[PDB]
Structure formats: C-alpha cells, structure tokens
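Read the structure below first, then the notes.
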Amino acid sequence: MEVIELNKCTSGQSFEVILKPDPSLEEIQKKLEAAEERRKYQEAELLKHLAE
Amino acid sequence: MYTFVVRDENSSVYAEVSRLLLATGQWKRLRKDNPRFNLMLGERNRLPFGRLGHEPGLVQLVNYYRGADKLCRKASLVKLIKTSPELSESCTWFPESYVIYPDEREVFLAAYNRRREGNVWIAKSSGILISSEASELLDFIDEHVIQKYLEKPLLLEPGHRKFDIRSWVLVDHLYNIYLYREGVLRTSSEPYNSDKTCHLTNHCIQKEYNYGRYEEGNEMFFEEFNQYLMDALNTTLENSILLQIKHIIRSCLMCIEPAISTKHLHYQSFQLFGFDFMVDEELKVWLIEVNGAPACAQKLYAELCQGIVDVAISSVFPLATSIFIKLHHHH
Amino acid sequence: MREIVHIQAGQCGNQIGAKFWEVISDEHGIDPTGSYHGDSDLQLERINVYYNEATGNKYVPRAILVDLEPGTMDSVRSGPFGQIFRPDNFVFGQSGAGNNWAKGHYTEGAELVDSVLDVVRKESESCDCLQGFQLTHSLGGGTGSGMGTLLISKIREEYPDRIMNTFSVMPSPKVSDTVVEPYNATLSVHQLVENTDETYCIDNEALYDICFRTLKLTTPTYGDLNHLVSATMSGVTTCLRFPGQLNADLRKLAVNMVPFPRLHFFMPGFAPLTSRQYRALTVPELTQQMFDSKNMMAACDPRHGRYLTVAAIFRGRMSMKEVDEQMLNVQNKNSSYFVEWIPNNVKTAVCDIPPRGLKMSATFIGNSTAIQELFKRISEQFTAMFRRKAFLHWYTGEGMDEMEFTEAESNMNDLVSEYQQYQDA
Amino acid sequence: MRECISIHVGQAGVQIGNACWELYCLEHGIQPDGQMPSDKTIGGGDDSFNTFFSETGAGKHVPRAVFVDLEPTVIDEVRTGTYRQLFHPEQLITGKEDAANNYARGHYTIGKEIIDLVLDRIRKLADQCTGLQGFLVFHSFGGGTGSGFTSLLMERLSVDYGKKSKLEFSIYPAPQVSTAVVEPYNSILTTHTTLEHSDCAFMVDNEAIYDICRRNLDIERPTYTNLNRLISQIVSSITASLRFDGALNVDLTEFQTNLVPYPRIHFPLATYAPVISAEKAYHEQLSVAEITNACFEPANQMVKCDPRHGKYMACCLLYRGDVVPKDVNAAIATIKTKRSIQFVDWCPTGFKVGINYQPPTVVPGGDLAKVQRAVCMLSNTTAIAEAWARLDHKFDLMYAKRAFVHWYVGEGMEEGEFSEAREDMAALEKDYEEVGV
Ligand SMILES: Nc1nc2c(ncn2[C@@H]2O[C@H](COP(=O)(O)OP(=O)(O)OP(=O)(O)O)[C@@H](O)[C@H]2O)c(=O)[nH]1
Ligand SMILES: Nc1ncnc2c1ncn2[C@@H]1O[C@H](COP(=O)(O)OP(=O)(O)CP(=O)(O)O)[C@@H](O)[C@H]1O
Ligand SMILES: Nc1nc2c(ncn2[C@@H]2O[C@H](COP(=O)(O)OP(=O)(O)O)[C@@H](O)[C@H]2O)c(=O)[nH]1
Ligand SMILES: [Ca+2]
Ligand SMILES: [Ca+2]
Ligand SMILES: [Ca+2]
Ligand SMILES: [Mg+2]
Ligand SMILES: [Mg+2]
Ligand SMILES: [Mg+2]
C-alpha cells in the first residue's frame, strides 16, 4: 500500500495508490470507388435483363 | 413448461437427471445448441459461461461453477491450500504436497532430506508412481505433484486392506452446501503390502489387477462401515470420521465462495462434487482430491439424482426427509 | 419526407385498395372531403407517407388507380371516399382483360401501361424522398395479375433503387371466378419472385375460412373478405404511418424480414377476429390468437415449417412490459418453430393509436417456410390442367407459347424447393 | 488549454449527445441560451470548460460538437429542442434517407456522398482550436449510420488529423431494445474497420443499462430517454477530467496511457455507482467504501461480464462528491483482500484515483436521485471479451447460411469483407485469451 503523485487543487485532487510493485486518402478513394463500380455493374445487368 | 439442453452425453449422472426431468411431464429438452433454454447440463471442458444470462425473459441455470476447477485440479488444489489464508499451509487435514513442473522441487527436497535425516511419497498428475526414493519419483515426472503417501492407513478386517471414502456434495445457487447421506468406501481387495493393487484403491485397478471377495465390487456402504466401527473399534462413523469430512468439505467450499458465487450474477450455477478422503489408523480423515464431474454408485443413482432435481433444479424452476445434510455455513 | 406511392390495379386491387384508404383515412382523421378533423398530433405526424397536401390544408392520397374496364373504378369514384382521390390518378381502359394474364401483360395492358407510368412519374417527381411503391392486386385475374406485374417490371426499370412492395390476393377454388386462375397465379408468382422486395400473401381460401368458421358468416361475400384485408393492411402499415422505432420504412422492414432475396413472401395475421365484440382482450389473448393459424390469412400451417423472421405490431393502450413478456413466452414455448441460425428474429412494435372499433389489436407478419404449401397448392392446380394443355388457347391466341408456361411452373417448383432446403438447415 | 471536439453519428450518438450536453450545461452553469454568468472572461479565455465550449462575443458558450445523421428526424429534435439556442446550424448535418440498418449502405453508398461535407464542417471547428487534442465519437454498433458511416469517418480523421487522439463511446446491441436482426453483422463490420483508428473505446451494452434502469430506478419498461440520462452520467464522469481543473486524465492522450497498454485491447469496462431512484422519499447515503465496493459488482457494470475470471491491465477510479483520499485508501485496502482482483504480471497492481469535489449533477425531473458522492471505475479487464464472443457467435450462426448477406453485397461490398472482419475478431479474441488466462 503506497500513495504516489498526490495533486491537489480547488476542484479536487488525484493520486496513485500502488498495492504491490494507416491507409492513405488514395486507398480510401479506391475502396469507395470500387464499391460504387460494383453497384453500377449490378444495376447495368438488371437493366440489361429488363431490356431483354 | 421449462426447457433444458444436454451438452455432455457422457455424464452418467445428468443422463439420469435428464431422464427424470422428462418424466415430470413439465420439462422439455431442446437441441444442444438452442440458446432459449432454462437449464444447461453443459460440457465438462470449455463451457461457454460467457453466453449465459443474456436471454431476455429467461432465467438460466447451469450445473457447473465457473472457476471451480481451481478446487478440482491436482496442482490447483495444492496451490489453493498453500496460498489461501483461510486454508493456510499449516493445514492439518491435507497431506504435505508440492507442485513439480516437468516449480517446488527445491522445497520438496528440503523436506525429503529432513525426513530421512517414514519417507515415502506418491507422484501423480492429470499413471501413478509410489516410491521411497526421490530420484524415482522426480525422474518419473520428467519422463505432476508429489504428495506424501500415508504409510499408516486404516485397514479393514478381515482382509487387512486399504480403502477410500467417496462423498457426494451438492452446492445450489444460494451456495448452500449439501452432503448426500449415502457415501461409499472403495476398498482394496488385496492386503496392504508395504505391486500397487493393494496401495491403489481405484475401482478399475481392483476390477482389473480378489475383486469382490469381501464386498460387492469393493464398495462398502456407510451402514456396513458404521457397524464395523462399532464392533471393531467401539465407535461410530459420525464421530470418528464424518465430523472431519463435513469440516473439510465446508472449508474448501467456503474458501472459494467469493470467487465462484453467483449471488448477484446474470446467471445461476450449481454443481455436484466428489470428495475423496483417506483415513489413517488414528481415525484422522485426509483430503485426497475433489472431483468436478463425479459418477455415482449404481445403488445410489436414483436417490441422488432425484435429490439434485429437488434442491438444485426444482428450487429455481418449481414443478406443479431430505437425503442431504445442510452444512450450515456463513456468508 | 419518405413518401410511398400506392398503386391499385384490377377489380380486386381497386376494391381492396379503396377499403384500405377508407380505413387509414379514418385513422388519420381525414374525412371523405380530404379535410383533417383529428384530435391527436400523432395522426398528422407521418401523414406525408401516404398523403399529399393541397390548397386549403387538403390531404390527397398518393394513390394511382388502374384498370382495363371502368366498372370497378366507377364504383370507387361513387364509393364512400370516391371524391378524395385525385381525378388525374384514374387510369382505365375499356377492353377488359377477360381474366387473362396474357391480355393484361402483353396485349391489352401493354397499350395502357405508358399512361400509367406517366402518372407514377408525376407523383414521384414531387416526392421529397420517395422510398418505394406498394401495389394492391389479385393474381388470379387478368388486369391486377398480368398488367400489375407488367407495371412492376417497368417501375423497377425506371426506379431500380426503390423498394417494391405488394399486397397479392392468391386464388383458391373455394372462392373462384374462372378455372384459369392457377395459370394466371403461376405466371405472376415468377414476376413477383424477381421484381418485388416484400409481398404480403393474402389467400382467399384463408379469408373464406375465417369468415365461415371464426366470424360465423354463413355466406361470405367479397365485402366480408375485404373487411379482413383492410384490417390487415392497416396493421402491417402501422409502422410506416405512425411514429416508431421498428420497421419505420419499407427498406428497413425488408432488411429485417428478408434473409434471402427470393424468399420474401409473408403470411399476415390479425387479432382479434371477434364476431357479434365489446369485450376487451388481454395481452396474453392477443398474442396467442396472433400466432394461431386460424388468425393467419395465407392458408398455411406454421407448424409445418419454420419461421425465418417475424414482425409483431400491437396497437392500443396496453402494458408494454406485459407485451414483452408474452412475446418472450411464445418464442420460448415453441422454440422449435424458429430457425436457430437467425438469432432474435422476432421484433415487436407498439402503437398507441388502436384501429377503429377496438381498444387493442395485434398484427402479425411472418416469413415462414410453411408458405411453400400455398405455392404447392397453386402448382398442383396448374399442373392438373397443363398436362392436358387445357384452356391454353386463351393464352396462345394472345401470342404466348407453351414454353413460357413450362418455365413459369419450373420457376415456382424451384421456389418451393428453396423453401424446403432452408426448412431443414 | 487544448480543445476537444465531439462528433455524434446516427440516432444513438445524436440522442446520447443531446443528453450529455444537457448535463454539461447544467454542470458548468450554462443556460440553454448559452450564457454563463460565472465566466467573467467574456468572449474568450482558456478555462477548463473551454475544452468543450467555445465563446462568442455575445457571451454564448457554444459546444465544440457536430451532429451527423443520414436521416433528419432525430437531429431536428436538437434544432427545436430546449438547447436549440446552444448550437448553430452549421453544427447539425442531416441527409434524407438513412442506411436502413445496413453497414454497407452507411459506409459506401451514402457515406461516400456525404463524407466530404462532414469533414468540412469539422474543419470549421478545428480551425477555431489553438491546440486540438482529438475527437470523441458517439455512435451505435448496430445502426447502419452508426456503424457504417462512423468507420468511414474514423478512417478520414486518421488521415486529416493523424497526430490527434480519437476516443469512442459505442452502444453495443441488445435484443431487448434492438431494432434489426443484422446488428451483429454491423457491430463486427465496424469494429474491424475502426479498430486501428480508435485509441480508446468505451462500450456500453444496452442490456446492462436496461437492467440497471429496471432494477435500480424501478422503471418497468425503460425507454431511450431513461437509458440516455444514465449513459450521460457515466460519460460525464469520464469526461469531467477534461472539463474541470484536475491532474488526472487531463488530455485524451492520458486515457491511452493509463488504460491501454496493448493498442488492440482498448475497450475499458465502466462500472458506476450509486444509481438511486429519485422516487424514494429519503435515500440512505452510501459511503466511500460502499460505492467503491459496488465497482466490483457485475450488476453495476456497463457490460455484463465477470471480471473475477479475467485479468486486469489497468484500473482508474473517478470520484465525484464528498470524497477524501483517506477514505479511498481504506476502501481499496479492504476490497483488495476480500475481492477477487487478479492483475497481469507485466503491469503494476495499483489504482489511479481522481476526485472531483462537485457531486454528480441530476437533470431536474429525471430518474436519478441526487447523491452526495459517486464513482466511476475504468478497468481494462479481459472479461469484457465475453461481449465479443457473444457477438461473434451470433455472427457465425447467420453467416453460415449467408443470411441477409445479399443486402450488403447489393450496396457494393464484397463478401470477402465479411470473412476478413470475422477473422480480425477471432484474432482479437485470441489476444484477450493470451493476456487473461
Ligand atoms: N442507448 C441507446 N441506444 C440507442 C439509442 N438509439 C438507438 N439505439 C440503439 O442503436 C441501434 C440502432 O442503431 P441507430 O443508431 O438507431 O441507427 P442509425 O445510426 O441511425 O443508422 P440507420 O440505420 O441509418 O438508421 C439499436 O441497437 C438501438 O438499440 C439511444 O438513444 N440510446
Ligand atoms: N497421499 C496419498 N497417501 C496415500 N494413499 C494415496 C495418496 N494419494 C493417493 N492415494 C491412493 O491412491 C489412489 C489413487 O489416487 P488418486 O485420487 O490420484 O486417483 P484418482 O485421482 O483417479 C481418484 P478418482 O478415481 O476418484 O478420480 C487413492 O484412491 C488412494 O487409495
Ligand atoms: N379478396 C378479394 N378477392 C377478390 C375480389 N375481387 C376478385 N377477387 C379475386 O381475384 C381473382 C379475380 O381477379 P380480378 O381482380 O377480378 O381480375 P382483374 O380485374 O383482371 O384484375 C379471383 O381469385 C377472385 O377470387 C375482392 O373484392 N376481394
Ligand atoms: Ca385496342
Ligand atoms: Ca471565458
Ligand atoms: Ca491512429
Ligand atoms: Mg481425478
Ligand atoms: Mg373480376
Ligand atoms: Mg437512423
């Protein structure tokens, strides 16, 4: 049981008690544009199907 | 209508309980992976306690205590007694034991030399070697916990033979500790030669390596054992042994109660335990091990399983003289 | 504002459609003249989903009325709420479809579909954010079945990213007009399988039985059958018409109810179905009735299959704590009838405003694999005639050939098989 | 003084955000119009409350917050609510159609078309910060916008604000209030994509809050308003160290330092006490030892789990009210023996303690009784992995049959992202096991 780093102020106090010793912008755009492309491809096939 | 699932097809006990639950006309068995259950008769190993208590509107009960393995492992029990102040290393009813990683080798040697300075030990783990030489035991492990071998066991007569006592204990969700009235002695059909068929009282050893000569299946029940004590030793099972057993059972379970209790938990637990006791010629009881998934003597399956339904299952899920002794403990 | 465009086509579609607007118009306080006369703010909360606002605070249903003969639509214009519908949104022909799918889909319907799509385009163009369309029709006739599915195909082509939902009346020999109904129903089911996201299967066989057995109507009429459908249509659209959290729009409903694209045919159910009625029902009673087959209008037995997803809606001032308890009771008692590989597939909603003439009610929406019985029933009737090519001339005279019938039957047999495989998973 | 920006995504984040800023204004004595009498520095200053509130020449203290939702109905509550005068129009962003409980819709389809607008609005707040610590992101796991758009935004924030800390307040799905069957999919999809971009995330399971409301507050059928008032209290105790004078958790970086030794395991468990029904005429006032003990009762945790069967990597105690260090040390010593507290060997066995003297603020007319002292404990225990396993199991059952998968593929997502997300969660579960057992 040890108490360390006791700090006191008007609002309160704190202390420590010891009881025992990323992807780039370009890569994000590719992901989003790739997904948009797959959506556009699937819609085109549907419209092609409806055209038939 | 209550529902339950079965996740351990190899449980002789809860197979009977499953049979009884259906025989009440008020319990419905579900698929083993159906999560909308009231009761789980779960698997021994890797029971998913983390998926219990998260079904809205379902009171869920399981037949195992998470963390009870600490009491049901050769090394876990050994460490538990030493490091638990409630049990202490000065524990008088537990044989001197050490954990040897294939570590407490140094401490075991310190006592071993101090003894030779009865010095026989038995090494076992989860294949047993009983040797009077530390070399044979230590080498056997590396090829486990070394425990003192009781060189002065109480031998039944006629037969001059060794035995052990199996006690079944049921702990319910409220953490009441129930001791089944009916115990069993697993006697050795062979005379105690101080070969291992007479030193080891395991049922398989007796039925594999004089079996059945003295008692049916080397199983002597309490009434016969009690009569023998009255005749041979002018005493009773209750006074000479049974008080020490209830003290040992209560101490072990009270010790871990704060760690495994489900008093304010999102699911409830109960569990049946098998305690193994050794009795020495001074009529002192010794704790050998605690079984987490014990079987039962065939004659005692019906009474015990019904009692499990009565106090453990029907207490949480009610239907439309007690066979247990309630070891009254404190919070 | 997420608007829904309503289309009702053919005799059955227009009679059921007219009753639907009569029902919900009352629930929202809208009178036959289009003027709001309600007392609760919940009424006007999401009124824009089904109604447009006009000059003088008039509310005009966003409904398009379609038929190839003026008969039924003349009745609507003279019906109770005939004056509430926008006159422009009446689109009708004169030839009729003669209970012929080919006429509604290929010859007579094709001549009129474009002027219908012009009206649809006009409603959609003024939608702040259109969510999709709902269609009311029968599958057994010629206009609702044949032209209705033609409209769906053309709506999907022009609005491929919007939700398509239909209320579809399944034919039954017990309530039949012509022997060719199985032919027309089979041809439509394939259209529905491909081009709708959500289809409420309303079986006239179930509606008749409920009227005869439960409601104690000796000689049910089409009006009596439509009384059940109006009540059901009100219940299943409550989540769209009033404030709430669950299935608030068509797309979210589809996501919760349709685990596989082709298996999107729902069994509706309504409770109570009391005959002559002042006695209030308890929450346990509403729940048990709601899950009983006798309250379901698809003429399938749920215990013969398994539920993939279930939506329950409770209306009226009741104990919500008790509603959750009763719903949890039903699932836990009969857990063998809910597939184990979709956890928590039962979603419950509650609406304060009850339906007219009831203190509380429950509406059931189930995606059960038992629906394969309804498609099996149609498949048997179709095949009985098709093996002998009976009555086919009515269709080959309009340009169809037998191969199209063979595919339609084969496609529906596949649908039944797909329902069977997931019932054993 | 360094500013913190709050971002609220989806219905759950927005409604929770409104509840917190209602509490913040009460705690800092800020009226709904934004005026703050106790602030003598009109139109400026680097006081502690300026971390969350900027100031205008008129004297209005404007929250450093942005609300974003793909549907306008929820953010319209803020526009016309009690604290409507607090925010300005640029801070509220709404679309016209939501993600329909579909992660792919929120992330790719709708998110791609609205992300740049959100970032631009955040840039406006960032440019008004002398030194920006980072962001606090509030959102649900199960919602399509909460899961899908948040993961996109977190990625972009890591790009445009690379050196800034990002903390999460996440709502874990619970069927008793869940609105969709595919919530397990969205939870795992967003956790996988967000895992590398969040320095510290606080998970709140709606199941736990729901039971605490029914049991402690005697609420038969708790609603979102009940749930959010309680959640805002826990959030307030977590963020108080950033808004008041103090020496513990004074900046977002310190949250990582004190609670997350392993970057992947950055989900501290929160336990709060006491929760007292305001309907009680007179309430017994619990002591420091009593509330400190309640921090080890599973029934008071934000996520139901059993820490007794896990290992601790860090523990922090945040006290508000009449608390003095002497009583804290006595309570800790008492519990440190009786209670089952098992640390890991590669961490110190200690507690970082923070005391704020102002007792918890109760929203007038709320469900929580005004208490004289409360505590929130932040403990990074492996027991919280039970929540991941529960979620992962439900994911497995639906994904074995590919149930609902077509909805995500239809939005442009590849089916492989399902398995890739699941394998990550399997790795995450392994990480917890390697540290706790
Ligand atoms: N605690 C709490 N949970 C909420 C609240 N609102 C929604 N939730 C939970 O959030 C999940 C649904 O996600 P939402 O945030 O509503 O969805 P969303 O972010 O708006 O995204 P969309 O699908 O586009 O609507 C469910 O699990 C709800 O239980 C709230 O106000 N408080
Ligand atoms: N320390 C000791 N002193 C004396 N005999 C001992 C002993 N440890 C074990 N034995 C004997 O050896 C036998 C086997 O011991 P042990 O309990 O390890 O087998 P086991 O664990 O399989 C019991 P069970 O079959 O109930 O699980 C005991 O029944 C007892 O007769
Ligand atoms: N429930 C109900 N079913 C109807 C109604 N009118 C017709 N039907 C059914 O619809 C089928 C006939 O189709 P119908 O709508 O008359 O053909 P259409 O006018 O060409 O679209 C038959 O199965 C009838 O049983 C009605 O008012 N209510
Ligand atoms: Ca013509
Ligand atoms: Ca100032
Ligand atoms: Ca980062
Ligand atoms: Mg053993
Ligand atoms: Mg007709
Ligand atoms: Mg939303």
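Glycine is no exception: its Cβ is also placed from the backbone N, Cα and C atoms.
Database features, via Swiss-Prot:
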| type | residues | note |
| --- | --- | --- |
| BINDING | D:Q11, D:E71, D:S140, D:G144, D:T145, D:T179, D:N206, D:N228 | GTP binding site |
| MOD_RES | D:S48 | phosphoserine |
| BINDING | D:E71 | Mg(2+) binding site |
| MOD_RES | D:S232 | phosphoserine |
| ACT_SITE | D:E254 | active site |
| MOD_RES | D:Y282 | 3'-nitrotyrosine |
| CROSSLNK | D:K326 | ubiquitin cross-link |
| CROSSLNK | D:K370 | ubiquitin cross-link |
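Within its own chain, D:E254 (active site) has D:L248 as residues 6 or more apart in sequence whose C-beta sits under 8 angstroms from its own. Neighbour density at the Cβ, taken as the number of other Cβ atoms within 10 Å, is lowest among the binding-site residues D:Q11, D:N206, D:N228 for D:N228.
Shown in sequence order, D:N101, D:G142 are the residues of the chain, 6+ apart in sequence, with a C-beta less than 8 angstroms from the C-beta of D:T179 (GTP binding site). For the recorded site, D:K370 (ubiquitin cross-link), the DSSP three-state label reads coil. Secondary structure at D:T145 (GTP binding site), as computed by DSSP, is helix. Nearest Cα neighbour of D:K370 (ubiquitin cross-link) among the listed binding-site residues (D:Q11, D:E71, D:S140, D:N228): D:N228. Neighbours of D:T145 (GTP binding site), defined as other CB atoms within 10 A of its CB across all chains, total 34. Chain C comes close to none of the recorded positions D:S48, D:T145, D:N206, D:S232, D:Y282, D:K326, judged by a C-beta to C-beta distance under 8 angstroms.
Every protein chain considered, the tally of other Cβ atoms within 10 Å of the Cβ of D:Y282 (3'-nitrotyrosine) stands at 6.
Every protein chain shown contributes to the tally, and the Cβ of D:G144 (GTP binding site) ends up with 32 other Cβ atoms within 10 Å. Cβ neighbour count within 10 Å across all protein chains ranks D:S140 highest among the recorded positions D:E71, D:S140, D:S232, D:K326. The two recorded residues D:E71 (GTP binding site) and D:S48 (phosphoserine) have their Cα atoms spaced 34 Å from each other. Neighbours of D:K370 (ubiquitin cross-link), defined as other CB atoms within 10 A of its CB across all chains, total 13. Counting only residues at least six positions away in the same chain, the Cβ atoms of D:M1, D:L242, D:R243, D:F244, D:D245, D:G246 sit under 8 Å from the Cβ of D:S48 (phosphoserine).
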